[PDB]
Amino acid sequence: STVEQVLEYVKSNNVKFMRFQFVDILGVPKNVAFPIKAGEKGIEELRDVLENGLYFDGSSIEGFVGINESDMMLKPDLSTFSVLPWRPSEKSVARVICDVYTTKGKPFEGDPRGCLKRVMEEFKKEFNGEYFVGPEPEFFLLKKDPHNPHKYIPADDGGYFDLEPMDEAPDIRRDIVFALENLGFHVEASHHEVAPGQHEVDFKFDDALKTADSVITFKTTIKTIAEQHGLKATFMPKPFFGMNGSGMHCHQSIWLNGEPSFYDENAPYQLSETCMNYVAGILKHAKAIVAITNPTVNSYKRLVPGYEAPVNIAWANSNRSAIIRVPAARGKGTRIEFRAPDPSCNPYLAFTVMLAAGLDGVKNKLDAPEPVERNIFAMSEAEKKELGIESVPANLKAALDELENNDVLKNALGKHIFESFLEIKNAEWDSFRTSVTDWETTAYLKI
Amino acid sequence: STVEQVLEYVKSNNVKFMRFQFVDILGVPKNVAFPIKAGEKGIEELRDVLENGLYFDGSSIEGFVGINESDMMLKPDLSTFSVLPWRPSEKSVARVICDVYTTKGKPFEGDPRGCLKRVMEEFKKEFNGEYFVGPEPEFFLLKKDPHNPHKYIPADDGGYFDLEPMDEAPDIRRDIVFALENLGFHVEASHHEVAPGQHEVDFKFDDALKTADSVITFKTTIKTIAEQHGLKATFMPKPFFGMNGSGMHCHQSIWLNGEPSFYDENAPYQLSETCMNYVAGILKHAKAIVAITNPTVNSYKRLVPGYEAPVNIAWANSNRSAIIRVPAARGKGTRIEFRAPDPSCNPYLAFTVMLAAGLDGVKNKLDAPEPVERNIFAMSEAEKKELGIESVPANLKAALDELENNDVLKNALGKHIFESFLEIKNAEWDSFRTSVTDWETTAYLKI
Amino acid sequence: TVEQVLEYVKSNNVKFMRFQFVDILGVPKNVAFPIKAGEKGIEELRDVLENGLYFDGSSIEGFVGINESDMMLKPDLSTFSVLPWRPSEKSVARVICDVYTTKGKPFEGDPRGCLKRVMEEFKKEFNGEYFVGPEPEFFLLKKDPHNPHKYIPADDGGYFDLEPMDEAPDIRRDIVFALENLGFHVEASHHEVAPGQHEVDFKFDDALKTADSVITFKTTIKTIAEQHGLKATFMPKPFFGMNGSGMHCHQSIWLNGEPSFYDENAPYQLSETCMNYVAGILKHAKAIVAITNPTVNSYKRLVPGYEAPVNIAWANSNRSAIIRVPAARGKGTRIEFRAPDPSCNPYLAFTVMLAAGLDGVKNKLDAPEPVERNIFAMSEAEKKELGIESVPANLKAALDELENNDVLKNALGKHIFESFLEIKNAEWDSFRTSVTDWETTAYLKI
Ligand SMILES: O=C(O)CCC(=O)C(=O)O
Ligand SMILES: O=C(O)CCC(=O)C(=O)O
Ligand SMILES: O=C(O)CCC(=O)C(=O)O
Ligand SMILES: [Mg+2]
Ligand SMILES: [Mg+2]
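Residues numbered from 1 in each chain as written, not as in the entry; some residues may be left out. Chains lettered and ligands numbered in written order. Part of a larger assembly, values for the part shown. Heavy atoms only, no water.

Per the deposited record, the coordinates in this entry were obtained by X-ray crystallography to a resolution of 2.91 Å.

Within the PDB entry, the label attached to chain C reads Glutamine synthetase from Methanothermococcus thermolithotrophicus, and the organism entered is Methanothermococcus thermolithotrophicus DSM 2095. Its official PDB title, as written in the record, is "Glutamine synthetase from Methanothermococcus thermolithotrophicus in complex with 2-oxoglutarate and Mg at 2.91 A resolution".

Looking at the PDB entry, chain A carries the name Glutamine synthetase from Methanothermococcus thermolithotrophicus, with the source organism given as Methanothermococcus thermolithotrophicus DSM 2095.

Encoded structure:
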């Protein structure tokens, strides 16, 4: 946490390189390595770079600054120190996640990490609360297709919770869990998922900032370790048609005055008014939240309306057909599971929009709808229309238009992130709608 | 034209087979061959089948009837008799396009050919008019990719109007023109088009029914002759990205009382009020007409808003940037060119919706907007919004919703064609939005 | 107890705990929990060992719907074991669990709990102990050198053959060590009649301990074979024109801590209880084969009209009948139910066998005379006169018999009985609609 503690770990573990890590607007991690010199002179050089930070070209980073005003800085968060395990042990490489700051030493407006810090500090100042998140980011382990090396296929024909040799990833998951534990993660469980070659490594919930720092490190940990075992890991929301997609279910809850505010022993379903107001806010801005939490064109092939997916804007207890599911655990573990996100989203912006829409419901005391205990997939469109169960947008452009007209998320993300995200994603959407796809060639070349 | 004239040709020219041709809802031609026997017994058998028609399973044809009411008939149109040239000369194979009729001998409601006959007879009864159309259906000649035989590429690296050997299709176009002339076509011109391997074979204008019969025979003629020269012809609206797409510009005009009603010697641009009322009607239902005239998902990659295409809903004189272009020819040849269609559409339904929207403007005497002589592609979106130049839908589903809410085209096509077309195209759209495309795999597998 | 498990984990450096269970088809399913260092890791492991953990039940075959997926696992601490094939440094251990609902009640559709229920009902009513000893045979395969997409047997060997004719003494050496480390009492290991077919026998125990060892055995043979560059299969008939994988079930019931099947002063030294139990198995034989032989391929080994344990009759030391009474007497007196194959769920296989047998013990049903003659040498007209009926010829024929059988419906329960028939009817439909390679060979020429 302090400068002295970080420098003490450098001497103990024999750290030789310090990675000053951060994230671009789309959530892609970016970093620069600093070599630590031997003796006290190297320790005190590292101290200056840890306290004052270092400069970098901001124009090359996505959604940051123009070429005419490119000079920027990185101020390290000393609480996020971690030794990278996949790197060598002798002359080890450690990391330090930083906050992007302007030349004048002021936090950068277009920084996703600073955006999440801002809304969390505002929440702690106004309500004395702590926003806790616990995601379930799923991924696919791939191998080259033997019939064609240019294409990739799943690593095994395994199912949900399957055992070896049907599940060919116990060794890959073993090293992933060991690597995460060394990085400071509290791993809860690991297993094979529904689709072939799909896996899920869960970890303990924590405050939104520590959880978002963990999601970035988790994605790198999964990809780097897969390359060591001759495989390629992908967090694509739907790499293959006809099989389950990678989903990042976000279990979340707010604790006002160090108490579980979502729990109420004397209430319906043992859920407090604060919980219902929060759920109402998420459901209100659901069509706009999916623009940030599902930012790829491929995300709307997993999260596809009219088909089995968490597309139905409604909440329910122990039901995976609705967008929100309230797990049966009560007391401290009382929470809500927002099932719409996929691991393709920027965690810093995903937790910001979820907390902003949720707090909009708490501030205004919005009324939540009744829980749809029935299976929503079995219902007909005329029946769902009578109940008022609306669906999330069918494509990326449909979600961007909803985000653009939403003022709650515009204020939470800020003018810089809101406008740059829409501009980057509209160019991405335009590239998709103009390209001639393989489906079109298969269906229309014969005509 | 009469039964005796057809049988007299069959007797002398040694015709052995008679193809009873027709089209499904999507415009795909369908036929059954009838062998003609020698002597008077064979001619009297053919006479009965020509006058009374023959039965067929309607459930197997797309957008026709259910399995529980499948029995249907084909009543030949003796005016469309033609000798297929690509077939042998000795013991030749002749064709006769037919009207689909129900078991009770009544014209089938879901027949595209009967749909066009109905609206033309209604126009001739109400106004004493004749609807003339002259299309320019472009196509691509393809060859297998040498680096991969599973994919196809253009036959040559030729440009617009290029000469041999740069243009490698003079021999292919030569045989196409000879085949069309034998089928009764009045070929006007033939040449290489802008994109590599793209070509265009133009033919004289005629009444909508004779023109739609010619478009079906043209598509078959271009594909069969290409297979003879070891190539594969495709009428796909956009087979390759980054190069021009196949467009079917429809030059059209209406003649009330055997006179060119679109021409007016003493008027602005030498164009009559009837012409302006017709143009106003096309521009009014432009967003709904493109559902029929551009029925494929790929059509919206050629006809793509925001990019160089005939997407801007406006008319202009000798300007190819607008949806309508008024060619400089005057007098009898005074006409309007609807540039939005591509050869993937059903010609019988395309001419029906164009005549219905155009006549809606003539009946109500709608006011047309001013001609946009300026290049519309060079204009900015804010400038086009001030002028009021709206754009055609960006995708197939966006056009189907416009067609569904349009009552003018619903009545012209009829309940059977209107509902079956929307149902077939919505299932086609759902297949596209759920499939994982090659673009998505290229862009998101790395994440 | 909880402390016994925690003390082994503390000293031996165990790092992963597999919470294992089975779906309706007997396919094993599990999730790994990482054990942290120090007292904090041991206290975290204590919580998850006593209270259990949650899992998506809808994704498991034959469990619950999507709108009611919250389910838990309650570890049976007596089933603790170290997985030998996994690494020794930072070792991996397992714990077989019982599926429980959100309300903390045993799940009705759980196969393991289904066997516990009938065993506890038996010990409460008759004070008995149901002992079973299976012989789950398997096939070690290798890719066909003429085509890598197909698999063939590993060696051109025979029954009990010696190396180099038998090329699996190295593979069976490691299978026996792996099972010994898991806590198995291995009795014999050898090659079987067909090429590449092998057998590893283990000592009998109570039906639950045996069913846990059947799941652990199936995984052990497959993981050890994949280490030696081969692929093991417990398919009931992978190749035509040779023996199939059979899982003979040597079973017996001990009322009041004594061998009730033995009677020193009786015919064949077999008690009245044994003859009543055999009469019950033969009565429900047409229905038991639906559970003990649930695959379509099972009826290609267990094929009527051809040499197999298809004939519904009993005999001493005769392998032609469905039941064979081994010549061992005293404590080792038992009956061998020969129809089963290693493709079945053991928990459901022992449940239907005990329930059908106890139906004969409760009603005191009379068994027929033993058919000491070779049944394969008999004609169909002779077998009809004696009353020797045969087991169903296909999967769908067995599912109809199981559906009408009320004795096995109540033993499996409304949840397991209905989901099994639904899963197997959909499986049968997939087979009868598909155009098989036999049809292409016989009818493409016409
Ligand atoms: O496979 C896992 O999920 C974690 C690692 C493990 O259990 C193992 O090494 O066997
Ligand atoms: O090439 C054409 O467009 C028509 C055929 C022709 O002119 C030729 O045979 O050279
Ligand atoms: O082959 C067997 O059955 C057990 C192992 C053995 O005997 C050997 O290692 O030679
Ligand atoms: Mg999951
Ligand atoms: Mg024949």
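Read on, since the account is not over.
> Could you clarify how one ought to interpret the sheet that holds strand β17 (residues 323-325) of chain C in this entry?
One key point about sheets: their strands pair by backbone hydrogen bonds, in either a parallel or an antiparallel sense. All names here are of chain C. Read from one edge of the open sheet, six strands run β13-β8-β15-β18-β17-β16, paired in mixed fashion. Either end of the sheet is taken by a strand with one partner, and the two such strands are β13 (205-206) and β16 (314-316). Bridge count between strand β8 (residues 130-136) and strand β15 (residues 247-253): seven bridges; the pairing is antiparallel. The residue of β15 that forms the bridge with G133 is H250. (Pairing = 2+ DSSP bridges. Helix = DSSP H or I, 4+ residues; strand = E, 2+ residues; numbered from the N terminus.)

> What exactly am I supposed to notice about the relation of the copies chain B and chain A here?
Relating one copy of the chain to the other requires a rotation about an axis plus a shift along that axis. The transform that puts chain B on chain A rotates by 180 degrees and translates by 0.1 Å along the axis, for an RMSD of 0.2 Å. Put plainly, the chains are arranged around a two-fold axis. Both copies present the same face, since 98% of the interface residues in chain B are matched by interface residues at the equivalent positions in chain A. (Least-squares fit on C-alpha atoms. Contact = heavy atoms within 4.5 Å.)

> Is there a simple way to think about unusual backbone geometry in this case?
If a residue is not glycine, its phi is most likely negative; likewise, a peptide bond is most likely trans. Residues and elements named next belong to chain A. Residue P165 follows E164 across a cis peptide bond; omega there is 0 degrees. Examined against the element boundaries, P165 turns out to sit in the loop between β8 (148-154) and α4 (170-182). One non-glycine residue, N14, adopts positive backbone phi at about 65 degrees. Following the sequence through the fold, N14 ends up in the loop between α1 (3-13) and β1 (15-23).

> Is there a simple way to think about the site of ligand 1 in this case?
Taken together, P170(A), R173(A), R174(A), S190(A), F16(C), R18(C), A32(C), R86(C) and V92(C) make up the full set of residues near ligand 1. The residues that come close to ligand 1 belong to more than one chain, namely chains A and C. A distance of 3.0 Å separates an oxygen atom of ligand 1 from a polar side-chain atom of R173(A). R174(A) has a polar side-chain atom sitting 3.3 Å from an oxygen atom of ligand 1. Notes on ligand 1: free accessible area 290 Å², of which the protein chains cover 100%. (Near = heavy atom within 4 Å. Polar contact = N/O pair within 3.5 Å; in protein donor to acceptor, adjacent residues only side chain to side chain. Areas by Shrake-Rupley, 256 points an atom, 1.4 Å probe, with all protein chains shown as cover.)

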